[PDB]
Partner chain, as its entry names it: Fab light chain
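The chain below stands alone, shown as structure tokens; this is the form deposited without the partner chain.
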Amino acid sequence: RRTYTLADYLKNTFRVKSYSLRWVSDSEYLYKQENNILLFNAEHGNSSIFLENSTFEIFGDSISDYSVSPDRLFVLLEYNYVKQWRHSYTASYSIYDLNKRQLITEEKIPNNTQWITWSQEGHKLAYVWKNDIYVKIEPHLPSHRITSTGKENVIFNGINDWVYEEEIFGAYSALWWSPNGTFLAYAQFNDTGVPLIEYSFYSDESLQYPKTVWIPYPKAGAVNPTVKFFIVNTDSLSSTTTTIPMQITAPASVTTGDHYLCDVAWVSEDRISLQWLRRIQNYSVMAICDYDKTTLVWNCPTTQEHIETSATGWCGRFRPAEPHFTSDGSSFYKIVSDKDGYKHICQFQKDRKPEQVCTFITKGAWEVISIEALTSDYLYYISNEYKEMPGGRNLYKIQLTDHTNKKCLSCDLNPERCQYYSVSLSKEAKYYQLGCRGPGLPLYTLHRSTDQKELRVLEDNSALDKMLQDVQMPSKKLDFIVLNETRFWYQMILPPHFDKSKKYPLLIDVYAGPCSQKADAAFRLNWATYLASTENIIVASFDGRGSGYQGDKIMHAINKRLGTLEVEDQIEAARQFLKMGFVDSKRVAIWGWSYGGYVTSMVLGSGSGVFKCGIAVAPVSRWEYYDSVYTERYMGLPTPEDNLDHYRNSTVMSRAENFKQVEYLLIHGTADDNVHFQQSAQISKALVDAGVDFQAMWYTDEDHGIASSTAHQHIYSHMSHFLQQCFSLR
């Protein structure tokens, strides 16, 4: 009869396993097993050693990661990894010659590379270093410099500046090899007019004077970085000292004022797709460009333009969805909101057609989460259609030739244990691995695409299961409540022997930012686990307005006015939970991180009287302090000509007074490059001026994730005691 200890969480006592494979072909994949890369044969367990427990140790214990060239002839060995922002980081590299069996040592790769990648074909390498792009046709050969305009915090070649890396593309990379690797496309950003933010860094206690880190960061309404798209011909490098890249200029309907680059997608080797967005993400354009062999130039005829629009708010969830072209690249499928505001898959022809550019292949009050593969006859995708559970994930598949031959492939499998799947099809969809994150313990299995025959079970968490036997684990209810005639899902982490008759303290867990989803059918062992399994606290989350994958009516509901409906609904939801009986109204709390810290703060400061205390970690306190791309997408510009009013109305500090009725815990990281601390500094200052006592805690040199080992443990222990004091436990 043991409970899930806070130490069980902090020291990761119970490990949850998974099967992360790397498809090498349409029939084999790679897998890391005891620091040995093994090549497996989907169909038969047939394995084989690809790289040894060995190799990886020459570069000591700093071997961060590995990347095998597509022709399996070489392997990139990453080491001396150094983080920088959410996705950026620099490392050192070594090419290992599989065949020659040894580390290539001649034309080595710079000891501080910002980014590197193989081509999609052979062993071509493109890497950014010192903000400049370099190409190596083959591992042993010398490095060819592609750009030279590169300059720290000013000119970025092939990598994204801070805001792009964070808000547009999900990563640091701004490179794109064409299939067959003839061309190499890339973006270049000029951060010149972009203002700087400058926080202090204290480093070791031996540093006598703290450093100052500055970052070109555009806050709402500020001058944004600029872009340019280039494509350089890789096949000529050996015959010149310098090659001249060809530039593609964004479509006219976007160039009049500020704008951004949305997505890059190679159709074939003479056709590329680029998506552009206006600073006011009300409008989006996806041009298709063809390579003219004669005049050696790329053309993007308005005839192949394609426009995406939104009268309710903005485009896509975070950005227009990505196109998926056919082989002959004559058509493509893309996820776009239909007439009812539901994100669904529809067809397009390279050439736009007057208000009929689309033809939906999907309908319903549910949404297609993402397209996973496009066979010459089938379209594999993932949706939350099944059982009308917006919080569930299932793998479907439609026959192109017959849009009726639509079939779910994971719905049956384990309806009890699995309702939240992740997929991964082989190079040509011959096999597909399933990742069950579903209610129960994560279950990984691979199947033969043809008939779905489950070849074998890659990973069932029997080990984890065996251990969780001797522990009083809490349960998780995933249902919905109905407000103003609409379903709104929520989830509750119920403490062990949960008796519906008794009264328990409630803790609302929040985020609730645009298009977010806190209520889902995925298994997790987090802090809330400990909170219910040992403190008997009910941890609940509620996806209200401006959220998830339930149509734009619900998501766009927040448009032009953050800090409104999503906050309110969070309070309503608490009301409902109370009316559900088992909640001790005298002990209701609410905490949130990032955007969640904002809502938590806005809720505590609403004077609704429904909450006793709360904790906001690295919250946003007013939208002018947050970056441009994100904020403006939901708020527009902070100008009297636009939405200045809603900007100034949604301030946390403007609700300082109402905090007198609450125990508040404000936590923030000193080196938070995302939500600047300036944000919390402005909150504390507002409460101090209001004469409201509260509790604060800064984390020296910590990120926006306060994720360093010692800090991570410290912050959760601290919040634990805060709740214990607040809930009269401890």
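Under this definition, the rigid core comprises the largest set of C-alpha atoms superposing within 1.5 Å between the forms. Numbering follows the first chain given and starts at 1. Only residues modelled in both forms are compared.
The following text describes the form deposited with the partner chain bound, which does not appear among the structures shown.
- The closest non-hydrogen atom of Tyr66 lies beyond 4.5 Å of the partner chain in the entry with it bound.
- Although the partner is absent here, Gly45 sits far enough away that none of its heavy atoms falls within 4.5 Å of the partner chain in the entry with it bound.
- Using a 4.5 angstroms limit between non-hydrogen atoms, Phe59 touches the partner chain in the entry with it bound.
- Taking the partner from the other structure, the partner chain in the entry with it bound has a heavy atom within 4.5 Å of a heavy atom of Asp204.
- Of the residues given (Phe169, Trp527, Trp266, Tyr79), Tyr79 alone sits with a heavy atom within 4.5 Å of the partner chain in the entry with it bound.
- Residues placing heavy atoms within 4.5 Å of the partner chain in the entry with it bound fall in a single listed stretch, namely 204-212, out of 256-264, 447-455, 204-212, 561-569.
- Only one of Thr212, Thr294, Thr303, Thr240 has its Cα shifted by 2 Å or more between the shown form and the other one after fitting on the core, and that residue is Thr240.
- Once both forms are fitted on their core, the CA shift for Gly691 between the shown form and the other one remains under 2 Å.
- Superposed on the core, the two forms barely differ at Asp65: its CA moves less than 2 Å between the shown form and the other one.
- Core-aligned CA deviation for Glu43 between the shown form and the other one: 2 Å or greater.
- In sequence order, 43-45, 238-242 are the runs of at least 3 consecutive residues whose Cα positions differ by 2 Å or more between the shown form and the other one once the rigid core is superposed.
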